[PDB]
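Undergrad: heads up, no residue letters with this:
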């Protein structure tokens, strides 16, 4: 359902936090790989292995689909951005229901 996205993206925001709080080996590679799992808009869970802090950027641009009862399946997009020296934050953008942003 929609909670798949809401859970996976939320935990990913925490994942980024872990990655961001974890020290990195020369190059920006991470001590220990983290498994992040996103379900694409077609409904297939893809498991990404974060071996470097920069792997967070791989997730930016990911598309999710949200199936909700009493509504419709909306397209959600995974967005990650830089906040510091190889430090990235995660959130989700929804262009299907725009309250302030307009598509360019």
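TA: All right, it came through fine. Residues are numbered from 1 along each chain as shown.
Undergrad: Please identify which helix or strand holds the residue of the chain positioned farthest from its centre.
TA: Here the chain reaches farthest from its C-alpha mean at residue 70, the gap being 25.7 Å by CA atoms, centre = their mean. Using DSSP states H and E, residue 70 sits in no helix or strand.
Undergrad: Need the phi and psi values for it.
TA: Here is the backbone geometry of residue 70 (degrees, to the nearest 10): phi 70, psi 0.
Undergrad: repeat for residue 19
TA: Torsion angles at residue 19 (phi, psi; degrees, to the nearest 10) stand at phi -60, psi -40.
Undergrad: Show me what counts as buried in stretch 71-79.
TA: Neighbour-count burial for stretch 71-79, counted by 16 or more other CB atoms under 10 Å, picks out 74, 76-79. (C-beta placed from N, C-alpha, C; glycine too.)
Undergrad: With stretch 43-62 instead?
TA: 48, 50, 52-56, 59-60, 62.
Undergrad: And stretch 85-102, by the same measure?
TA: Within stretch 85-102, the residues that count as buried by 16+ other CB under 10 Å are 86-90, 92, 94.
Undergrad: same question, stretch 1-8
TA: Buried, per 16+ other CB under 10 Å, within stretch 1-8: 2, 4-5, 8.
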